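# Structure assessment
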Amino acid sequence: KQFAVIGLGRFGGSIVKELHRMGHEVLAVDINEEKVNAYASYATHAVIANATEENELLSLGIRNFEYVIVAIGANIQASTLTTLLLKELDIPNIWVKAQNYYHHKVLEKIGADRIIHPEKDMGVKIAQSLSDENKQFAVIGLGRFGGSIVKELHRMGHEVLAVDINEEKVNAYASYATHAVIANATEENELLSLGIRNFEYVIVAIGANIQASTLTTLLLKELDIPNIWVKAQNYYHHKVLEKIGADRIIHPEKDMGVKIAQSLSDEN
Amino acid sequence: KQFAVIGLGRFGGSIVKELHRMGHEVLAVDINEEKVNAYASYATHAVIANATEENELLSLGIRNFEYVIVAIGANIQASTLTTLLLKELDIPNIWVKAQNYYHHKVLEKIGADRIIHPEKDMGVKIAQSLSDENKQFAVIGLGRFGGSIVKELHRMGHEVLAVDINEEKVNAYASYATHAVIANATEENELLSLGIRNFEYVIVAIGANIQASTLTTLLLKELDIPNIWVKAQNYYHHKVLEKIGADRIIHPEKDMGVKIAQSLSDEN
Amino acid sequence: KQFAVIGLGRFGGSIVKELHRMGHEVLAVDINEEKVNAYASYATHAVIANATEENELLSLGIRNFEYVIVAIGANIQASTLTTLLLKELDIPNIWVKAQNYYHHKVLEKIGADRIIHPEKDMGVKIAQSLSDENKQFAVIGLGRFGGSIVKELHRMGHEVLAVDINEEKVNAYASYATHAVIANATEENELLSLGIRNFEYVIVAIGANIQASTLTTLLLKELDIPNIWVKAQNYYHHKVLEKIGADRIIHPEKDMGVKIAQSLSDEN
Amino acid sequence: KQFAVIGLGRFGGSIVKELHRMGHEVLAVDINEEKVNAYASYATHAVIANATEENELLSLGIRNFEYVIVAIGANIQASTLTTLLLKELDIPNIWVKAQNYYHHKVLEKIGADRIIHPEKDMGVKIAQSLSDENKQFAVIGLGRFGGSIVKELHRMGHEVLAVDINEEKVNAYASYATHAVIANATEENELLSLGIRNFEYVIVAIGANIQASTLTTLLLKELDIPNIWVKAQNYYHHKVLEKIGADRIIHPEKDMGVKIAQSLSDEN
Amino acid sequence: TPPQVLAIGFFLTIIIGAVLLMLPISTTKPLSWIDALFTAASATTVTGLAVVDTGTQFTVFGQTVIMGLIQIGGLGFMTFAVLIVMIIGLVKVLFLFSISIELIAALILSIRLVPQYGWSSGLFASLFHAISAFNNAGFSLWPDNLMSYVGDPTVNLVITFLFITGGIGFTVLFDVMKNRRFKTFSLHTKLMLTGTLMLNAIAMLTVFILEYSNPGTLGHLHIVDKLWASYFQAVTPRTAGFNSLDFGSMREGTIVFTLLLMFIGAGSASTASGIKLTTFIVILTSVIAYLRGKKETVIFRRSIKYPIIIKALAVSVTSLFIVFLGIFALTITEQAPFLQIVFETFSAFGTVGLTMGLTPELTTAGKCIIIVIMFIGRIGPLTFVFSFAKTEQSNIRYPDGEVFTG
Amino acid sequence: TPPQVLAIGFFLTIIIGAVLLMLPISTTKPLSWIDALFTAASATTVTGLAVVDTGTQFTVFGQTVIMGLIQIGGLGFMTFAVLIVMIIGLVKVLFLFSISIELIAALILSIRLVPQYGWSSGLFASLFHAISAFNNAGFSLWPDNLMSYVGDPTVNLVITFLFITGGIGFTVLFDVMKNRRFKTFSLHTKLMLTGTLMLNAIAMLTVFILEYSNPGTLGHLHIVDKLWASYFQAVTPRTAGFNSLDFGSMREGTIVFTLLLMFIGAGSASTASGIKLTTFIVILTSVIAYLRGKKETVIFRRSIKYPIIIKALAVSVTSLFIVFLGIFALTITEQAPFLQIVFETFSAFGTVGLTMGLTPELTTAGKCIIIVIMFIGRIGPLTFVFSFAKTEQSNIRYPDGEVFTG
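In the PDB header, X-ray crystallography is given as the technique by which the entry was determined, and 5.77 Å as its resolution.

### Thoughts on the overall build of chain E
On a plain count of helices and strands, chain E comes out with 16 helices and 0 strands. Its C-alpha radius of gyration of 21 Å places chain E within 12% of the 22 Å reference for a compact globule of 406 residues. For chain E, the spread of C-alpha atoms along the three principal axes comes to 70 × 50 × 45 Å.

### Topic: the overall build of chain A
A tally of regular secondary structure across chain A gives 12 helices and 12 strands. Its C-alpha radius of gyration of 20 Å places chain A within 12% of the 18 Å reference for a compact globule of 268 residues. C-alpha atoms of chain A, sized along the principal axes, occupy 65 × 35 × 30 Å. When the 268 residues of chain A are sorted by exposure, 54% land in the buried category. A total of about 11,900 Å² of accessible surface is found on chain A, and carbon and sulfur atoms cover 47% of it.

### A look at the side chain of E:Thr345
Secondary-structure assignment places E:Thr345 in helix α14 (residues 338-350). By relative accessible area, E:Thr345 is classed as buried at 0%.

### Notes on the packing of helix α13 (residues 307-331) of chain E against α14(E)
The description of two helices packed together rests on the angle between their axes and the distance between the axes. Residue and element names in this part refer to chain E. Packing of α13 against α14 brings their axes to within 9 Å, and their N-to-C directions diverge by 135°. When the axis of α13 is compared with that of α14, the two are oblique. Every pair of crossing elements has a handedness; the one defined by α13 and α14 is right-handed. Across the interface between the two elements, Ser319, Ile322, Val323, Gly326, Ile327, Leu330 and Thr331 from α13 touch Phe338, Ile341, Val342, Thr345, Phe346 and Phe349 from α14. When grouped by side-chain class, the residues that make up the contact of α13 with α14 number 9 nonpolar, 4 polar and no charged.

### Describing the arrangement of the chains
Contacts between protein chains span 9 pairs of chains, and they are most numerous for chains E and F. The smallest C-alpha distance separating chain B from chain E is 19 Å, and no contact links them. Structurally, chain B and chain F remain out of contact, their C-alpha atoms never closer than 14 Å.

### Some thoughts on the domain arrangement of chain A
In many analyses, interface size is given as the accessible surface area lost on bringing the parts together. Segmentation of chain A into domains returns domain 1 (3-116) and domain 2 (120-252). Spacing between the C-alpha centres of domain 1 of chain A and domain 2 of chain A amounts to 32 Å.

### Overview of the relation of the copies chain F and chain E
At an RMSD of 0.3 Å, chain F and chain E line up after a rotation of 180° and a shift of 0.1 Å along the axis. Read as a symmetry element, the transformation amounts to a two-fold axis. Residue by residue, 95% of the interface of chain F is reproduced at the interface of chain E, so both copies engage with the same surface.

### So, helix α7 (residues 144-156) of chain B
An ideal rise of 1.5 Å per residue puts 18 Å on 13 residues; α7(B) measures up with 19 Å between its terminal C-alpha atoms. Where α7(B) is concerned, the buried positions are B:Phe145, B:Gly146, B:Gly147, B:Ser148, B:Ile149, B:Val150, B:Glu152 and B:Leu153.

### Focus: the relation of the copies chain C and chain D
Rotating chain C by 179° and moving it 0.8 Å along the rotation axis overlays it on chain D with an RMSD of 0.3 Å. Interface residue correspondence from chain C to chain D reaches 93%, placing this contact among same-surface, isologous pairings.

### Regarding the interface of chain C and chain D
In this assembly, 14 residues from chain C lie in contact with 13 residues from chain D. Of the roughly 1,200 Å² buried between chain C and chain D on both sides combined, carbon and sulfur atoms contribute 60%. On the chain C side of the interface with chain D, the three residues burying the most area are C:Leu218, C:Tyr236 and C:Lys243, jointly 45% of the side's total. Inspection of the region where chain C meets chain D yields 2 salt bridges. In this structure, the salt-bridge partner of C:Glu222 is D:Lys239, at a minimum N-O distance of 2.8 Å. Where chain C touches chain D, the interface holds 5 residue pairs in polar contact. Sorting the residues of the side of chain C that touches chain D by element identifies α10 (210-222) and α11 (235-244) of chain C as the ones contributing at least two each. Across the side of chain C that touches chain D, the residue classes break down as 8 nonpolar, 2 polar and 4 charged.

### Considering the sheet that holds strand β10 (residues 201-204) of chain A
Residues and elements named next belong to chain A. Spatial ordering of the open sheet is given by β9-β8-β7-β10-β11-β12, a layout of 6 strands whose pairing is parallel. Edge positions in the sheet fall to β9 (179-182) and β12 (248-250), since each has one partner strand and no second. Taking the axes of each pair of neighbouring strands and ignoring which way they run, one obtains an average angle of 15° across the sheet. Of the strand pairs in this sheet, β10 and strand β11 (residues 227-231) are connected by 4 bridges, and their pairing is parallel. Each residue of the ladder has a partner; that of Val204, found in β11, is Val230.

### Brief notes about the interface of chain F and chain E
Counting residues at the interface gives 79 residues for chain F and 78 residues for chain E. At the level of elements, α4 (60-86), α9 (187-210), α11 (252-263), α12 (277-290), α13 (307-331), α14 (338-350) and α16 (381-385) of chain F are the ones that each hand at least two residues to the side of chain F that touches chain E. For the side of chain F that touches chain E, the residue count by class is 44 nonpolar, 20 polar and 15 charged.

### With respect to the pattern of salt bridges
In total, this model carries 37 salt bridges over all chains according to the counting rule given. Here A:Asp247 ties to A:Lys221 by a salt bridge, and the two come within 3.8 Å at their closest N and O atoms. Taken together, the residues A:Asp247 in the loop between α11 (235-244) and β12 and A:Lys221 in helix α10 (residues 210-222) connect sequence positions 26 residues apart. For A:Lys221, a relative accessible area of 31% puts it in the partly exposed group. With a closest N to O distance of 3.9 Å, F:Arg292 and E:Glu392 form a salt bridge. Here F:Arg292 is found in the loop between α12 and α13, whereas its partner E:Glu392 is found in the segment after α16 (381-385) on a different chain. Look at E:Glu392 and you get partly exposed, because its relative accessible area is 36%.

### Describing the packing of aromatic side chains
In total, this model carries 58 aromatic pairs over all chains according to the counting rule given. Judged by centre distance (6.0 Å) and plane angle (25°), the ring pair of E:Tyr290 and F:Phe386 falls under stacked. Taken as a pair, E:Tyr290 in helix α12 (residues 277-291) and F:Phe386 in the segment after α16 lie in two separate chains rather than in one. Residue class for F:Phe386 comes out partly exposed when judged on its relative accessible area of 29%. Pairwise contacts between aromatic rings join A:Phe3, A:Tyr67 and A:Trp95 into one cluster. Stacked on the ring of D:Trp95, the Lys or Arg D:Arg114 has its end atom at 4.6 Å from the ring centre. The ring of D:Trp229 has D:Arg248 lying over it, and the distance from NZ or CZ to the ring centre is 5.6 Å.

### Structural notes on a positive patch on the surface
Residues and elements named next belong to chain B. Where like charges cluster on the molecular surface, the positive patch consists of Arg114, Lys125, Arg248 and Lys259. You can see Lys125 is positioned in helix α6 (residues 118-132). For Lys125, a relative accessible area of 39% corresponds to the partly exposed category.

### Observations concerning the pairing of strand β2 (residues 26-30) of chain B
Residue and element names in this part refer to chain B. Buried residues dominate β2, accounting for 5 of its 5 residues. Of the two faces of β2, the one carrying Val26, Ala28 and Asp30 and the one carrying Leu27 and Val29 are both buried. Alignment of strand β1 (residues 3-6) against β2, held across 4 bridges, turns out to be parallel. When the sheet's bridge partners are listed, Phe3 is paired in β2 with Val26. Following the backbone out of β1, through helix α1 (residues 10-22) and into the adjacent parallel β2, one traces a crossover that is right-handed. One ladder, built from 4 bridges, connects β2 with strand β3 (residues 45-48); its direction is parallel. Within the sheet, the bridge partner assigned to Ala28 lies in β3 and is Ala46.

### Comments concerning the environment of C:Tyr201
Residue and element names in this part refer to chain C. Turning to its location among the elements, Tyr201 is positioned in strand β10 (residues 201-204). For the pair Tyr201 and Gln136, spaced 65 residues apart in sequence, the C-alpha to C-alpha distance is 6.7 Å. Other than its neighbours up to four places away in sequence, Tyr201 contacts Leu130, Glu133, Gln136, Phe137, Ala138, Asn227 and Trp229.

### Thoughts on the sheet that holds strand β12 (residues 248-250) of chain B
The strands making up a sheet associate through backbone hydrogen bonding, with each pair oriented either parallel or antiparallel. All names here are of chain B. The strand order β9-β8-β7-β10-β11-β12 describes an open sheet built from 6 strands, whose pairing is parallel. Single-partner strands in this sheet number two, and they are β9 (179-182) and β12. Between one strand and the next, the sheet's axes are offset by a mean angle of 15°, whatever the strand orientation. The sheet contact formed by strand β7 (residues 137-140) and strand β10 (residues 201-204) spans 4 bridges and is parallel. Within β10, the residue paired with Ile140 across the bridge is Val204.

What counts, and where the lines are drawn
Residues numbered from 1 in each chain as written, not as in the entry; some residues may be left out. Chains lettered and ligands numbered in written order. Heavy atoms only, no water. Residues with missing side-chain atoms left out of burial classes, pairs and counts. Helix = DSSP H or I, 4+ residues; strand = E, 2+ residues; numbered from the N terminus. Rg over C-alpha atoms; globule rule 2.2 N^0.38 Å. Buried < 20%, exposed > 50% of the residue type's maximum accessible area, 1.4 Å probe, protein only. Areas by Shrake-Rupley, 256 points an atom, 1.4 Å probe, with all protein chains shown as cover. Axes fitted to C-alpha atoms, helices over the stretch in contact; angles between N-to-C directions. Parallel < 35°, antiparallel > 145°, perpendicular 65-115°, else oblique. Left-handed = near helix turned anticlockwise from the far one by under 90°. Contact = heavy atoms within 4.5 Å. Nonpolar A, V, L, I, M, F, W, Y, C, P; charged D, E, K, R; others polar. Domains from an automatic or database assignment. Least-squares fit on C-alpha atoms. Expected span 1.5 Å × (residues − 1). Buried area = accessible area lost by both parts, 1.4 Å probe. Salt bridge = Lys/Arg side-chain N within 4 Å of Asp/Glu carboxyl O. Polar contact = N/O pair within 3.5 Å; in protein donor to acceptor, adjacent residues only side chain to side chain. Pairing = 2+ DSSP bridges. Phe/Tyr/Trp six-rings, centres within 6.5 Å; stacked < 30°, edge-to-face > 60°. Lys NZ or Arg CZ within 6 Å of the ring centre and 35° of its normal. Patch = residues over 30% accessible without salt bridge, like charges linked within 9 Å, V, L, I, M, F, W, Y side chains within 5 Å. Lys, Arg positive; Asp, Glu negative; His and termini not counted. Charge placed at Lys NZ, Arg CZ, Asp CG, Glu CD. Right-handed = clockwise from strand over helix to strand, strands pointing away.

Structure follows, in C-alpha cells:
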C-alpha cells in the first residue's frame with residue numbers, strides 16, 4: 001500500500017514515474033535536490049534526504065512503508081548502508097539495486113528481501129523476447145547486458161554469434177555461445193566476413209560511448225539485417241537510433257523500472 | 001597540361017580523383033604508401049615519396065609539371081620545405097594548402113603562386129550560397145569554417161546570429177555578426193531562448209568531435225528549421241547527418257579540392 | 001595467541017612483519033600471490049587466497065584464530081564482505097581497516113570488534129607527539145591525515161595554522177584551527193606572507209603526488225624552520241625527503257601497523 | 001655592437017641576462033609582456049612586440065642591429081616568419097633557434113646566418129666534457145639531449161651504455177652506442193643487472209616527467225656512482241637534484257644561451 | 001621441484017627394478033650386468049626393447065616385475081596429465097580406472113582365445129599383455145612377440161583397443177566421458193579423435209600397398225589375414241611395440257614411413273611417446289598457414305594462440321636433434337646396417353617397441369647410451385630439459401635484428 | 001609475378017639448356033633422352049650431380065654450355081638475394097663483380113699448378129672449375145672429381161675461397177666491402193662470419209676424428225695430407241660438390257654428420273642451399289632460449305623479431321618434409337642401399353654435389369622426381385611455394401584454442 005523508492009537514478013526514476021502512472025503512493029527521495037526537483041510532480045511525496053542518516057529515515061515515517069526501494073547507483077556504500085538501516089526499522093520488504101556480483105552476496109546476508117540487476121535481468125528478458133519472436137542470433141558488445149543475452153540464449157539452446165570489441169570478454173564467453181568472435185562492429189569487412197548478413201537478429205549491446213553502438217547499427221541496416229536490436233544510452237540516443245532504422249531499442253535502466261513498478265503493484 | 005599533387009590528404013585526394021575524372025594527367029604523390037595505394041587508379045601516376053628529399057623530386061620529373069599542388073597537412077614544415085624545394089625547380093605555378101594565418105605569410109615570401117584555405121575559402125562560398133538562395137541567418141560553431149561565414153555574410157550585409165561553444169571566439173566575432181552569443185547548441189533551452197526557430201538557415205560548423213555537430217542538428221530538425229546546413233567530418237558523419245534531416249552537408253576540404261581541380265583544368 | 005592478517009597492503013604488511021619480529025605466529029594472506037611471495041619468511045604461514053570465498057576461509061583453519069585483521073585497501077566490498085564472513089565463524093576479535101566515514105558505520109553494524117583509520121588515527125598520535133614535545137603550530141595539506149591533526153591540536157587548546165592548496169577543505173576547517181588559510185605551499189611569497197618563519201613545527205600532509213610534498217619541505221628548509229615533519233608515500237619518498245633535511249617522516253599506514261601489532265601482542 | 005634578442009623563453013632569457021652581465025647593449029623583446037617585465041633591468045631596452053608585424057620591427061630600429069636572435073619557441077612559424085622579415089631588412093647576421101630537423105632545412109634556405117639546436121649542440125659539448133674528463137660511459141634517457149651525447153661520444157670512439165625507458169629510441173640507437181638497452185631507470189634490478197655500478201659517469205637525460213629524472217639519480221647515488229650528470233628542467237629541479245648528490249646538472253636551455261651570448265660578443 | 005622430481009625420481013624405478021629382475025629368482029640363465037639394467041629400463045619406460053627375451057629368460061618372477069614396471073611407466077604417464085590439467089582428488093580416479101579397463105579387457109576379453117596353454121600359461125599370458133598393451137609397452141610373453149597371432153580376430157581387436165585408447169591422452173579419455181556429445185568436445189579432445197583415426201587410414205593404406213606382394217610377410221597371407229596385418233602393422237608403431245609381422249623382411253620404403261610414423265608420438269598425455277601427435281599437427285598445419293596468407297594459425301575455427309607454436313617447434317627439433325645424436329653414436333659403436341641403426345634410434349627414443357632385430361645384438365657401449373635414449377624419449381624432451389636448466393628471466397629488451405632465411 | 005616468374009622462368013633455362021648439350025656437337029657417346037634433361041638441370045641448379053661424366057662424355061662445347069649455364073644460375077640467386085634484401089642499379093655490380101673474382105682467381109690463381117696438361121686442357125680446366133667453384137656447383141672436369149688433388153696446396157686453398165665466399169650471403173659479400181670495420185657489421189652479416197668459421201672447425205674435427213684410421217680414405221695419408229682432406233671434406237658439404245676423398249669408403253658415422261652438414265645450407269643470399277645456415281642458427285638457438293626462460297629470442301644483444309622465427313621454422317620443416325618424401329620415393333624405385341638413398345636425397349635437395357656413387361646408376365623413374373628435388377631445393381622451399389599458393393588474407397579473429405604438446 002505504502003511505497004517508497006530511494007535514489008532517483010535512471011532505474012529509481014523509472015519506478016517513481018511508473019508507480020505514479022497507474023496510481024500508487026510513492027515516497028520518492030534522492031541524496032541531493034537536482035533530481036528531486038524534476039520528480040516533484042512524479043511522486044506522492046518528493047523528499048531531499050540522505051538515506052545513511054538515521055534521523056532522516058525516522059522523520060520520513062519510512063517504517064510505515066511496507067516496500068522500500070534502494071536504487072542509489074555509483075558508490076555502493078550508499079546502497080548498502082541504506083538497506084542496513086532499513087532492515088533495522090523492520091521494513092517488511094526491502095528491494096535493492098545491486099551493481100556487481102559481490103554486491104549480490106553482501107546484500108543477501110544483510111537481509112535484502114529482493115535484489116535486481118537492471119543490466120543482467122533485462123538481458124534474460126530480451127533473450128526470451130528474441131526466442132519467442134520466431135534462428136540466426138548475433139549479439140554485438142559483450143557488456144553486462146550483451147553478456148546476459150549470450151549466456152541466456154545459449155542456455156535455452158539457440159545459436160548465438162557473440163562478438164565484442166576486444167577478447168577479454170570473448171574469452172570467458174567461449175563456451176557461452178555458438179561462436180565467440182573478436183571483432184569491431186564498425187569495420188565493414190569484419191561484418192561481412194563474419195557472415196553477419198545471415199543473421200536475422202543482431203543485438204548491439206556495446207556500452208560506453210554511443211558512436212560504437214550507432215555506427216554498428218548503421219552498418220547493420222546497410223546489410224539489410226531484418227531485425228536490429230540496439231542498447232541505447234540516453235534520450236537523444238533513442239531519437240537518432242529511431243531515424244537510422246533500428247528495429248528495436250532497449251533501455252536496461254528504464255525498461256526494468258516499469259517492470260518492477262508492475263511487480264510492486266500486483267504484490268498487494 | 002601536366003598536373004602533380006603532393007600529399008594525398010582529404011584535400012589532395014579530392015583533387016587527384018577529380019582531375020582524373022574529367023581526363024587530365026595527375027602525378028599523385030604522398031609521404032606514406034597507405035594513401036598512394038588507394039589512389040593507384042585515381043591518377044595518371046601514383047608515387048610514394050617524401051617531398052623534402054631533393055633526389056626524389058628530381059627522379060620524379062616534377063619539374064615537367066607546370067602545376068604542383070602541396071596538400072600535405074598536419075605539420076607545416078613538410079608543406080613549406082616542399083614548396084621551398086619546388087620554387088627552386090622553377091615550377092611555373094605552385095599551389096599550396098596553408099593551415100593558419102602565419103602559414104599564409106611565410107608561403108607568400110617563399111614564392112607560392114597560390115595559397116588555399118579549405119576551411120576559410122569554403123565559408124565565403126557558402127556565405128554566397130546562402131545569400132543567393134533568397135533572410136535570418138545563424139551559424140553555430142565559430143571554427144575556421146564557421147568563422148569565415150559569419151565574417152563574409154556580415155560583409156555583404158546580412159544578419160548573422162553567430163554562436164559558439166565557448167566565449168573566446170564569440171568575443172572576436174562581436175563586431176563580425178549581427179548577434180554574437182555564447183551558448184551550447186546541445187541544450188534545448190539555450191536554443192529556444194536564442195529564438196533560433198526564427199532562422200530559416202542554421203549552420204552547424206562545430207568541428208572536432210561529431211556529437212556536438214550531430215546533436216545540434218538533431219535539435220534543429222526538432223524545431224522544424226527550414227534549412228539546416230552542417231559541417232561533416234568523415235564519411236560516416238555524412239551518412240548519419242543525412243538520416244537526421246540535414247538539409248545540406250559540406251566537406252570543406254573535399255568540396256574545395258574538386259573546385260581547385262576545376263581551377264587547374266580551366267587554367268590551361 | 002593465534003594471529004591472522006588478511007590483505008598484505010602497506011598497513012597489513014607492516015603488521016605481519018612486526019608481529020613476526022617480536023615472535024608471534026602470523027597467518028598472512030592476500031588476494032594475489034605477488035605480495036604473498038615477498039612475505040613467505042615474514043609470517044608463520046604465507047597463503048594465497050581470496051577472503052570472500054567460504055571454502056578458502058574454512059580450509060585455512062581461520063576459526064582457530066582469535067584475532068583476524070582485515071587490511072585489504074582499495075575496494076571496500078572486499079573489506080566488508082570479509083568481516084561479514086568472519087563474524088559468521090564466531091571470530092572472537094575482528095579488527096578492520098576502514099576507508100571513509102561510511103565504512104566506519106557499516107563495519108560497526110556488522111560486528112567489527114575494532115576499526116582503525118591509519119590516516120586519521122595516526123594524526124591524533126602525531127598531534128600528541130607535537131604537544132608533548134614542548135608553541136607555534138602549522139599543518140600544510142588538509143588531507144585525511146592533515147585534517148586529523150588540525151582538529152586534534154585545536155581540541156587540547158593549541159594554535160594551529162591550517163592551510164590547504166584549495167579552499168574546499170579550508171572552509172570546513174575555518175573553526176577547526178587558529179587560522180584557516182588558502183595557499184599553495186610551493187610559492188615563496190605565499191610562505192613569507194603567511195609568517196611561516198615564526199612557526200617552529202611545520203607538517204606537510206599533502207598526499208597524492210610527491211613533488212607537492214617534497215618541494216614544500218624544500219622551501220621550508222630554506223626559511224630555517226626548526227622542526228619539519230613530512231608524510232611520505234613510498235620508500236623512495238623516505239630516502240629523498242631524508243636528504244632534503246626532513247626532521248621527521250611519518251608513514252600513516254606503516255607506522256600504524258606496528259602500533260596495532262603492539263596492541264594485539266599486549267592484548268594477550 | 002648593437003644586439004637584439006627576440007623571444008624571452010628559457011634560451012632567449014639566458015642570453016639577455018648574460019650579455020647584460022658583462023656589459024653589452026641588449027634589445028630584449030618577447031611576444032607578450034609577462035617575460036618583458038622581469039627582464040626590464042636585465043637588458044638595455046625591454047620591449048613588448050610581436051616579431052611578425054613589420055611596423056613593430058621598423059619602429060624598433062631593428063635594422064640598426066647587426067645581430068638579431070630569434071629564440072621564440074613553441075610554434076615554429078613565429079620563428080620562421082620572424083627571420084623571414086629580418087632577412088628583408090638586410091640584417092647582417094640572423095641567428096635562429098631551430099626545433100626539429102626540417103626546421104634546420106627550411107631556416108637554411110630563408111637566409112638564416114646561423115642555426116642552434118640547444119638540446120643537440122649541448123649533448124656534443126657534454127660528450128666532450130666526459131671525454132676529456134679521463135672510461136665507462138652510460139646515458140639514461142634518449143631524448144634529443146640524451147641522443148646527441150650517445151651519437152657524439154660514439155663518434156670519437158668511447159663506450160656508451162645508451163638506455164631509454166622504451167624501445168622506440170633504443171632501436172634507432174643500436175649502432176649509435178656501445179650497448180643499446182631498453183630499461184626503466186627507476187627499477188633497482190634493472191640498474192644492477194645492467195652493471196651500471198661499473199660506470200663512473202651516468203647521464204640522466206630523461207626529459208618530460210621530473211620524477212624519472214630524479215628517482216634515477218636517487219638510485220644512482222645509492223650505487224655510489226662516482227659522477228652522476230643529470231638534465232634538470234626548471235629551477236626547483238636544480239635544487240632538489242643538488243641535495244640528492246647529483247655531481248653535475250645541465251640546463252640545455254639555459255647553459256646554451258650563455259654560450260651563444262659569448263659567441264655574439266666575441267664576433268664584433 | 002616439479003621438474004627435477006620427475007627426472008631423478010623416474011630414474012630410480014629403473015635402477016631398483018634392474019635389481020628386482022637381476023635376482024637369481026627371476027633369471028634362469030645368468031643375467032649379465034649389462035642386460036639387466038636395460039630390460040628393466042625398457043619395461044619401466046614401456047619402450048618395448050630387450051637384450052634378452054622376456055618370456056623364456058625370465059621366470060614368473062621376471063615377468064610379474066616387468067608388468068609392475070610397465071604399470072609404473074603408466075603411472076608417470078598419469079602424472080603428466082595432472083600437470084596438463086593444472087596448466088590430488090583425481091589421483092584416485094586415474095589409477096582406479098587403469099586397473100579397471102586393464103582387467104576387464106584382459107582376464108575376460110583376452111582370456112577368450114588364450115586358455116589353450118592351460119591355466120598356468122593361459123591365465124597369466126592374457127593378463128601380462130594388457131598391462132603392456134593398454135600402456136603401449138611392447139613386452140610380450142612368447143618369443144614370437146605376438147607374431148603368432150597374425151590374423152587372430154580376438155588379438156587384433158582386443159589388444160588394439162588397449163594401446164589405442166590407452167595411447168590417446170587422458171583428456172580425450174576423460175573428455176568423452178562427461179562430455180559425450182558429438183559437438184561439445186574441446187579443441188584438444190576434438191583434435192585427437194580426428195587425427196588418430198584419419199592417420200590410421202593413411203597408415204593401413206601405406207602398409208597394405210607396400211607389403212602387399214612382399215613374399216616374406218603379408219605377401220602370401222589370405223585376403224582377410226591381409227587386413228589384420230596392415231591394420232595392426234599400422235597401429236602398432238604408435239609406441240605399442242607388438243609385431244603382427246616381422247620388420248626385418250619388409251620393403252625399404254615401408255620402414256621409412258614407420259621411422260616417421262614411430263617418431264611422432266600419439267597423444268599429449270599418451271602412455272609414452274617421443275613427440276606427441278598434437279605436436280606434429282600444429283607444427284605442420286602452422287606452416288601450411290604460412291604458405292597461405294592467414295596471419296594466425298586457426299584450426300577448427302578456434303584459433304590457437306601463439307605460445308603453442310614455439311613450444312611445438314621446440315619439442316620437434318629436440319626429438320630430431322637427439323635421435324640424430326643416437327643414429328650417429330650407434331653407427332660407429334656397433335657394426336650394424338644403417339637402415340636398422342636409424343629404425344632402432346627412432347624407436348628407442350619413441351619408446352615404440354618395434355625393433356628390426358638389433359636390440360638383442362646391442363653391444364655394451366651402445367647400450368648405456370640407448371638406455372638414455374629411451375630414458376630421454378619417454379620422459380619427454382621438454383619436461384626433461386626443465387630440470388638441469390637454470391631458468392633465466394630477461395627484463396630489458398633489445399633492438400631489432402634483421403636476418404634472411406629464404 | 002615475383003614468385004611465379006622465378007618458378008617457371010628458371011624452369012626454362014633448364015629445358016633450353018637441356019637441348020644445348022644433347023646436341024651432337026657437345027656429346028660424344030649417345031646421350032639418352034633421360035641423361036640429358038638431368039645433367040643440364042644439375043649445372044643450372046649448380047647442384048653437383050650427373051648421370052654421365054662431364055669431362056669425358058662432353059666435348060669442349062658441352063663443358064662450355066655447362067659453364068655458362070652455371071653463371072646464369074648464380075646470377076639468378078644474385079637476383080634472388082637482392083629481392084630478399086629490400087623486403088636495378090646493383091645488377092651491374094653483382095655480375096661484373098662475379099666475372100671479376102671468377103677470372104682473377106681462375107685464369108691467374110688456378111692456372112698456376114694446372115698448366116701441366118698443356119694449353120688445350122690447362123687454360124680451360126683452370127677456368128671451368130671456378131665458375132663452378134665460386135657458384136658452389138660440384139661439376140669437375142677429370143672423372144676423379146678432384147679426388148686426384150688430395151693434399152695439393154694450390155687446390156685446397158684456391159677453390160675453397162671460391163665456394164665459401166660465393167657460398168656466404170652476397171650480404172656479407174657486399175657488407176664487408178663498404179663497412180670493413182670489425183664492429184659495424186649488421187646482425188645477419190655478423191652472424192654468417194661467426195657461424196661459417198665456427199662450424200667448419202666442428203666439421204674438420206668430425207671428419208678428422210672418424211676418418212683418421214679409416215684405411216680407405218685419409219687413414220694412411222701423410223700427416224700433412226691428413227689435414228687437407230679433413231678440412232676440405234668438412235667444407236665441401238656446403239653445397240660445394242668436390243671430392244678430396246671418396247664418400248663410398250668412410251665410416252658410417254661420418255656420412256651421418258654430413259647428411260646434416262649438407263642439409264643445412266650455407267648463407268641465405270649464398271650460391272645454392274636447401275636450408276640456409278641462418279635458418280638453422282635461428283631455429284636451434286630459438287629453442288635454446290625456450291629451455292631457459294628468455295621471453296624473446298635475443299642474439300648478439302640485438303633481439304630478432306618474431307616473424308623471423310615462424311619463417312625459419314617454415315623453411316625448416318619444408319626441407320625435411322620434402323627430403324623425407326624423396327627418401328621414401330627412392331627406396332622403392334631403385335634397389336639400392338639405405339645409407340646411400342638418404343645421403344643422395346639430402347644432397348639432391350641441398351644442391352650439395354657430394355654423391356656416394358649412386359648418381360650414375362640412377363634409374364629413369366627415380367630421375368624425373370630427383371630433377372624436381374634439386375629444382376625445389378635450389379629454388380628454395382619458400383619462394384617456390386609462394387607461386388602456386390593462392391594467398392588468402394584473414395580479417396576476422398577466432399576464440400582461443402587450448403592444446404598441450406609436452
